[PDB]
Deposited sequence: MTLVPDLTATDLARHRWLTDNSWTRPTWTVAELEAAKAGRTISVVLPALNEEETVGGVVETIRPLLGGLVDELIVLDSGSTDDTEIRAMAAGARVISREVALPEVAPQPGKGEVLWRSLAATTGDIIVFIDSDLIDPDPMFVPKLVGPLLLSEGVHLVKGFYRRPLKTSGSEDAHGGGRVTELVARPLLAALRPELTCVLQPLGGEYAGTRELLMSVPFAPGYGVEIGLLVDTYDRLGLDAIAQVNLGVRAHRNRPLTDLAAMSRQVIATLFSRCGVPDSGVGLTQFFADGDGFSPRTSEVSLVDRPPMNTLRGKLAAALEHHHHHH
């Protein structure tokens, strides 16, 4: 089974993406690219992240959007000043009452974008690099059959990643242990995939998308690329335990394990949002390729 993981890494993993912006533009072939940054109270970093993507707008990148998650700091004005269009959760999907968590934000962004490719980038990154978006879309534009690209960082994984996500995947979806950073916030997906799957709530959205992509489209539909060396950032153990609890709930929900829904003495939801093509059928159909 290590031969399967080995062949995936040789074909679907890039430690040193060579691609230039110019060759990626030339390869778009009519497809459009939307970059979405979710943001809840990220005034200190959102501008910096937007600034590294902004020079691509009008070229490789067709839309640059910050999806504000109900911030009360200066996130929106700083994201605007850095050159992003700022869209609230309510504007993205007005007739559906919002609910908390990151998964909600990413899901609503599908109704407020037009890209055939959607790129997600966390807005709390303190060291964003301008080649993030090019490296994330490279496999989608130049490799047949890829629908989800996960950006990983070399270390100079994470405690939740190595103690929770990777060992649970070994137990329940063993082929997926080849994904280095399954919980990473930087990744890109096709409209065809993202429009057609449920979105898990809160901190479960990344692992839910990975497992749903694996089941529906297969291992070769997933790729991964190295975005650069980044050290781990400190997070309190209570936040990490809360994130673990929701990663567990979403994995269990995708495998049919009855999860009690009981949190840690912490929020945990077992309810997905439905595929966006059920609420935006005409948008979704308009975005389906003729062939």
- [ ] Show which contiguous pieces of the deposited sequence have no C-alpha coordinates, counting from residue 1.
- [x] 1-9, 166-176, 286-298, 325-327
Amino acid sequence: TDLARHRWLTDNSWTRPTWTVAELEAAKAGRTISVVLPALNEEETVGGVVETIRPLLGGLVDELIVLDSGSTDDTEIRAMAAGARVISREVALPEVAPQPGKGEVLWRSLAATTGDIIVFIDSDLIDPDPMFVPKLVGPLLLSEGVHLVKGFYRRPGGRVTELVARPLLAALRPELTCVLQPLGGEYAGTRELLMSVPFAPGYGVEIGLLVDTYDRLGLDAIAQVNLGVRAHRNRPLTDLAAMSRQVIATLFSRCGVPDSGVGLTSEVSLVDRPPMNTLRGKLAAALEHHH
From here on, numbers count along this sequence of modelled residues.
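Only the largest set of C-alpha atoms that superpose within 1.5 Å between the two forms is called the rigid core.
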Task: Greater root mean square CA deviation, 51-59 compared with 251-259 in 9 other deposited structures of this protein, core aligned - done: 251-259
TODO: Please work out whether 13-21 or 273-281 has the higher root mean square C-alpha deviation in 9 other deposited structures of this protein relative to the shown form, with the rigid core as fitting region?
DONE: 273-281
Open item on the list: What about residue 266, left without coordinates in a third or more of the other entries of this protein that model its neighbours?
Closed with: yes
- [ ] Output the stretch having the higher mean C-alpha B factor in the entry; the candidates are 98-106 and 74-82.
- [x] 74-82
Task: Residue range whose averaged C-alpha B-factor is higher in the record, 139-147 or 107-115 - done: 139-147
Task: Peak C-alpha temperature factor (PDB record), options 184, 208, 156, 201 - done: 156
Open item on the list: Can you tell me which of 47, 38, 256, 261 has the maximum CA B-factor listed in the PDB entry?
Closed with: 47
TODO: Compare the C-alpha B factor of residue 276 with those of the other modelled residues in its chain, then answer lowest, middle or highest third.
DONE: lowest
- [ ] Using the B-factors in the PDB entry, rank residue 126's C-alpha atom against the chain and give the third, lowest, middle or highest.
- [x] highest
Task: Third of chain Cα B-factors occupied by residue 34 - done: middle
Task: Third assignment of residue 9 from its chain's C-alpha B-factors - done: middle
Task: Among modelled residues of the same chain, the CA temperature factor third for residue 222 - done: lowest
